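The chain below stands alone and is given in structure tokens; this is the form deposited in one PDB entry.
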């Protein structure tokens, strides 16, 4: 042939060499540009199709309710002291060894201060006794920002105080504070007399969802502690009048029901495993999820 092609080159200098024409081991600034541009418009418009197809999916979800909930289906039971490894270990006598546990628990409970629940428009007064599900309405923008069922620091017996800067919390014999996971549109159902609990059904079958903290499981276990459940109405569980929950979009400052457990045992200098459990029909448990509807906190008051 007479056609000039192939690579009969004899310069590894061509890696950057260009005195002829082409450069950077590449081609000319006209094709070194041209293909660059290709990828520019290719990746460009390609990114547009990801953009576009993401957009279509977005308008298949209501910004009021999740299209799916079956994966958070039964809620789990979570404490407010930031469990190190589910363990709350400290030296009762020394302030330092728990100051961490305090700043965490204190920061959370500043959402529930009385000075924070000021205005009557956003915050509504739900009775000083646990009632039935105050159903705000239909999960839309029909009725605007739904009212927030208030919750007073004082209901949490003995774990509220009123100091200066930082809350003066429990150094000798700690205060664990239990909470329920916010499921949008959920309504707790308290146990009847059939599927009874590991303990005698403390009163309020109608409107309280029971929470009981025993030792490590139920079988042969070193039971060494003094439980003491503090709450609204003085009942060991959750006030149904706070549910259902209507999302961050419809309830921006919604305060969920709290319920504390000041553990004032009779055995220092040792670690003990204690399992809390929320009993009910709308509450489930999992052998794998150590937090689903239950609790496994191990605390050590080693002074």
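We call the rigid core whatever largest set of C-alpha positions still superposes within 1.5 Å between the two forms. Residue numbers count along the first chain shown, from 1.
Peer 1: Look up the CA B-factors in the entry and say which stretch, 91-99 or 160-168, has the higher mean.
Peer 2: Result: 160-168.
Peer 1: May I ask you to compare 100-108 and 194-202 by their mean CA B factor in the entry and name the higher one?
Peer 2: Per the PDB record, 194-202.
Peer 1: Can you tell me which of 182, 150, 189, 143 has the maximum CA B-factor listed in the PDB entry?
Peer 2: Among 182, 150, 189, 143, the PDB entry lists the largest C-alpha B-factor for 143.
Peer 1: Looking at the entry's B-factor column for C-alpha atoms only, identify whether residue 292 ranks in the lowest, middle or highest third of its chain.
Peer 2: It falls in the middle third of the chain.
Peer 1: Taking the chain's C-alpha temperature factors as the reference, tell me which third residue 75 falls into: lowest, middle or highest.
Peer 2: Bottom third by C-alpha B-factor.
Peer 1: Name the third of the chain's ranked CA B-factors that contains residue 31, choosing lowest, middle or highest.
Peer 2: Ranked within chain, residue 31 CA B lands in the lowest tercile.
Peer 1: Against its chain's modelled residues, does residue 176's Cα B factor rank lowest, middle or highest third?
Peer 2: For residue 176, the deposited C-alpha B-factor lands in the middle third.
Peer 1: Mind checking which third residue 270 falls in for C-alpha B-factor across the chain?
Peer 2: It belongs to the middle third of the chain when residues are ordered by C-alpha B-factor.
From this point on, the text means the form deposited in another entry, which you will not see here.
Peer 1: Of 87, 154, 197, 99, which one's CA moves 2 Å or more between the shown form and the other one, core aligned?
Peer 2: Just 197.
Peer 1: Aligning on the rigid core, do we see the C-alpha of residue 128 shift 2 angstroms or more between the shown form and the other one?
Peer 2: The answer is no, as the C-alpha of residue 128 shifts between the shown form and the other one by less than 2 Å after core alignment.
Peer 1: Comparing between the shown form and the other one on the rigid core: C-alpha of residue 29 shifted by 2 Å or more?
Peer 2: Yes; that C-alpha moves by at least 2 Å between the shown form and the other one.
Peer 1: Is residue 110 among the residues whose Cα moves by 2 Å or more between the shown form and the other one after superposition of the rigid core?
Peer 2: No, because once the rigid core is superposed, the C-alpha of residue 110 moves less than 2 Å between the shown form and the other one.
Peer 1: Indicate closer or farther: the Cα atoms of residue 198 and residue 298, in that other deposited form, relative to the displayed form, with a change of 3 Å or more.
Peer 2: Farther: residue 198 and residue 298 separate by 3 Å or more in that other deposited form.
Peer 1: Just to spell it out: taking the C-alpha atom of residue 169 and the C-alpha atom of residue 123, is that distance smaller or larger in that other deposited form than in the structure shown here, given it changes by 3 Å or more?
Peer 2: Result: farther.
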